[PDB]
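Computed over heavy atoms, backbone and side chain alike; hydrogens, waters and symmetry mates excluded. Naming convention: chains lettered A, B, ... in sequence-line order (proteins, then strands); numbering from 1 in each chain.
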Amino acid sequence: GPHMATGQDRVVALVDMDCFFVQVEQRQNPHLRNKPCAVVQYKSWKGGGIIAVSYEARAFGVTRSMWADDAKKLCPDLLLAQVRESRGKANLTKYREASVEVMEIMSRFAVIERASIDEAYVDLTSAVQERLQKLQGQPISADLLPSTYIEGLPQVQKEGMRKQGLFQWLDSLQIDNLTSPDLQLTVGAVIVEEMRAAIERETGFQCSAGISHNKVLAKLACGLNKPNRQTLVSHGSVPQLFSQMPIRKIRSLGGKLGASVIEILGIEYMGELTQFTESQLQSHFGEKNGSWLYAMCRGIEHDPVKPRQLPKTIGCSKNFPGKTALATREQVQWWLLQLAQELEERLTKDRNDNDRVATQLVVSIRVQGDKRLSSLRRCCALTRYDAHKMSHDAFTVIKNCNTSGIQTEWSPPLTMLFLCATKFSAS
DNA sequence: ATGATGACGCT
DNA sequence: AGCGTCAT
Ligand SMILES: Nc1ccn([C@@H]2O[C@H](COP(=O)(O)OP(=O)(O)OP(=O)(O)O)[C@@H](O)[C@H]2O)c(=O)n1
Ligand SMILES: [Ca+2]
Ligand SMILES: [Ca+2]
């Protein structure tokens with residue numbers, strides 16, 4: 001009892017932009033606002049591939065990875081915006097720059113960990129302590145939490161249900177105990193309301209957020225009420241929430257490990273994991289995974305919010321599917337040059353912006369027939385931000401993968417090329 | 001024939 | 001070093 005850690009030591013939020021690329025294109029082109037629309041890449045094959053879908057279009061069944069021609073069968077009025085194409089490949093600069101807008105606003109409030117182009121974790125523990133010292137111990141008005149859901153509460157319209165739950169939560173809150181984890185989460189949610197208001201005011205972009213005691217629960221919380229809402233998942237809410245929560249919904253369990261937990265243990269839901277000892281879970285899934293699962297199914301996780309806003313690698317890739325697979329030496333060399341030129345542009349901007357230089361170039365390829373992301377990776381020194389040198393060096397390190405006897409031909413044909421600059425040093 | 005990109009674990 | 005897993 002008195003010696004059992006409860007994983008209530010931190011306040012962590014996860015902020016996730018709603019249909020991010022669609023919002024970027026809707027900000028730029030007001031004719032797309034409040035419409036079923038989608039963002040596509042490429043255009044000639046089946047109208048292009050859908051990468052992002054507005055909530056109006058999702059109501060028709062339009063999803064990511066669908067071909068736009070097929071999405072138009074579900075939603076004939078679907079509007080489309082296309083990703084910029086430069087040197088024959090998709091160019092995502094517009095969305096990376098919009099991402100920086102949002103991340104810089106979030107960084108004013110707290111240390112953030114960039115998790116993807118449109119997600120960041122926030123460690124709010126210190127900011128909460130400060131706010132509890134200020135204006136205390138005054139009660140927290142529901143007006144400070146206008147878009148917050150309390151998971152598990154209450155207990156015929158959506159907003160009435162939201163407010164009934166918020167009222168039940170605020171009425172039970174012990175506002176005189178500055179160390180109450182539930183109070184700390186509530187103040188965390190107040191700050192996240194302020195952060196999300198600042199993002200929307202200064203960029204036009206809406207987002208969702210989760211607030212809890214660790215990254216996994218904050219990520220789970222964020223998805224419970226999308227879009228344009230935030231959700232607080234308390235430690236006390238975990239047993240009911242996990243009791244019907246498919247294992248695959250928890251971050252890192254969406255793949256082979258999660259499938260093996262289900263198959264080996266014969267369970268379906270996250271809460272069912274509590275019945276196993278730590279040693280049992282370590283025996284099936286390894287020491288690290290087993291300890292992690294034992295704590296996580298109790299709502300406890302210690303992965304820190306890392307202080308990192310910049311990517312550790314900068315990379316450029318293109319797939320060559322089907323009959324387009326690269327099959328001549330001139331083809332491989334020309335596309336390596338195209339990738340190297342885009343990479344040079346990104347690296348030179350990175351060096352000016354962030355005072356650092358990459359020192360290693362990783363070349364990844366996939367060969368036709370291979371189901372893996374990469375069939376082969378090789379690396380060489382990155383000593384100059386020069387596209388011709390980078391592309392020549394990349395060819396040098398993959399040259400002898402070519403099994404073809406004819407010198408102008410490449411066998412087996414290449415279905416992906418990927419150049420990645422890594423091992424940054426201060427500059 | 002989604003495709004573009006990124007973090008991190010294992011050996 | 002080079003491959004495997006999981007993710008947005
Ligand atoms: N299979 C995937 C999933 C996502 N992404 C990248 O991750 C971004 C954001 O992904 P996600 O948050 O899943 O989708 P949103 O469009 O933001 O929709 P939501 O409102 O559900 O968050 C996408 O724009 C895309 O750049 C991707 O490349 N490939
Ligand atoms: Ca998103
Ligand atoms: Ca996301």
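- A salt bridge (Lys or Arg N to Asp or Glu O under 4.0 Å) with A:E301 holds for exactly one of A:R251, A:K219, A:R10, A:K215; it is A:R251.
- Regarding contacts with the backbone of B:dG6, a side-chain N or O of A:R346 is found under 4.0 angstrom from either OP1 or OP2.
- In the set C:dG2, C:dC3, B:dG6, the nucleotide with an atom closest to the side chain of A:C379 is C:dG2.
- In this structure, A:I51 reaches the bases: a heavy-atom distance under 4.0 Å links it to at least one base atom across the strands shown.
- In this structure, A:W335 places its CH2 atom 13 Å from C1' of B:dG3, rounding to the nearest Å.
- The nearest pair of heavy atoms linking A:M390 to A:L343 is SD-CD2, 4.4 Å.
- Between A:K288 and A:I50, the one whose closest nucleotide on DNA chain B sits nearer the 5' end is A:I50.
- In the set C:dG2, B:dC8, B:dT5, the nucleotide with an atom closest to the side chain of A:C316 is B:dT5.
- Within the structure, every side-chain polar atom (N or O) of A:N319 is placed at least 4.0 Å from both OP1 and OP2 of B:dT2.
- Listed nucleotides: B:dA4, C:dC6, C:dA7. Nearest to the side chain of A:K219: C:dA7.
- Between A:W292 atom CH2 and B:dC8 atom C1' the separation is 14 Å, expressed in whole Å.
- Ring pair A:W67/A:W45 is perpendicular by interplanar angle, where above 60° counts as perpendicular and below 30° as parallel.
- No cation-pi contact links A:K399 to A:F395, judged by a cut-off of 6.0 Å to the six-membered ring centre and 45° from its axis.
- Residue A:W67 has its side chain nearest to B:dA1 when only B:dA1, C:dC6, B:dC8 are considered.
- You'll find that the side chain of A:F418 is closest to B:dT5, out of B:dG3, C:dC3, B:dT5.
- OP1 or OP2 of B:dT5 has not a single side-chain nitrogen or oxygen of A:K318 nearer than 4.0 Å.
- The side chain of A:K256 contributes an N or O atom lying less than 4.0 Å from OP1 or OP2 of C:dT5.
- Under the stacking criterion of a centre-to-centre distance below 5.5 angstrom and an interplanar angle below 30°, A:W45 sits stacked against the six-membered ring of B:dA1.
- Protein atom CG of A:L257 is 11 Å distant from nucleotide atom P of B:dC10, rounded to whole Å.
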Exercise. Checking side chain to side chain donor-acceptor pair (under 3.5 Å) for the pair A:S291/A:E278: CA distance, chi angles, key distance, verdict?
Worked result: CA-CA 6 Å; A:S291 294; A:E278 189 174 8; 2.9 Å; yes

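- Within the 3.5 Å criterion, the main-chain N or O of A:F205 finds no donor-acceptor partner in the side chain of A:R27.
- Residues of residues 112-120 of chain A that place a heavy atom closer than 4.0 Å to DNA chain C, in numerical order, are A:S116, A:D118, A:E119.
- Backbone-only contact: A:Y42 has heavy atoms under 4.0 Å from sugar-phosphate atoms and none from a base.
- Residue order along DNA chain B, read from the 5' end via each residue's closest nucleotide, puts A:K89 first among A:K89 and A:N289.
- With pairs defined as Watson-Crick or G-U wobble and both atom distances under 3.5 Å, the stems of at least three pairs that touch DNA chain B come out as B:4-11 with C:1-8.
- Within 6.0 Å of atom CZ in A:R356, more than 12 heavy atoms from other residues, nucleotides or ligands are found, so the atom counts as buried in its surroundings.
- In this structure, the CG atom of A:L361 is 13 Å from the P atom of C:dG2, given to the nearest Å.
- Protein atom NZ of A:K215 is 11 Å distant from nucleotide atom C1' of B:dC8, rounded to whole Å.
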For this session: Report the C-alpha distance between A:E193 and A:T148 in whole Å, list the side-chain angles of each, state the deciding distance to 0.1 Å, and finish with yes or no for side chain to side chain donor-acceptor pair (under 3.5 Å).
Result: CA-CA 8 Å; A:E193 291 272 11; A:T148 295; 2.7 Å; yes

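- Side chain to side chain, A:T415 and A:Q368 fail the donor-acceptor criterion of an N or O pair below 3.5 Å.
- Below the 3.5 angstrom threshold, one finds no donor paired with an acceptor across the side chain of A:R64 and the base of B:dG3.
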For this session: Starting from the C-alpha separation in whole Å, work towards a yes-or-no answer on side chain to side chain donor-acceptor pair (under 3.5 Å) for A:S208 and A:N225.
Result: CA-CA 8 Å; A:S208 301; A:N225 295 283; over 6 Å; no

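- Nucleic acid contact for A:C420: none, since no nucleic acid atom lies under 4.0 Å from a heavy atom of the residue.
- The distance from atom CD1 of A:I314 to atom P of B:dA4 is 18 Å, rounded to the nearest whole Å.
- Taking atom NZ of A:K94 as the reference point, atom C1' of B:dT5 lies 19 Å away to the nearest angstrom.
- For A:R378, counting side-chain heavy atoms from C-beta on, the closest listed nucleotide (B:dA1, C:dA7, C:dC3) is C:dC3.
- Contacts of A:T313 with the nucleic acid, taken as non-hydrogen atoms under 4.0 Å apart, involve only primed sugar atoms and P, OP1 or OP2.
- The distance between atom CE of A:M416 and atom P of B:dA4, rounded to the nearest whole Å, is 10 Å.
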For this session: Start with the C-alpha gap between A:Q206 and A:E200, add the side-chain angles, then the distance that decides, and say whether side chain to side chain donor-acceptor pair (under 3.5 Å) holds.
Result: CA-CA 6 Å; A:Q206 287 182 349; A:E200 188 173 11; 3.0 Å; yes

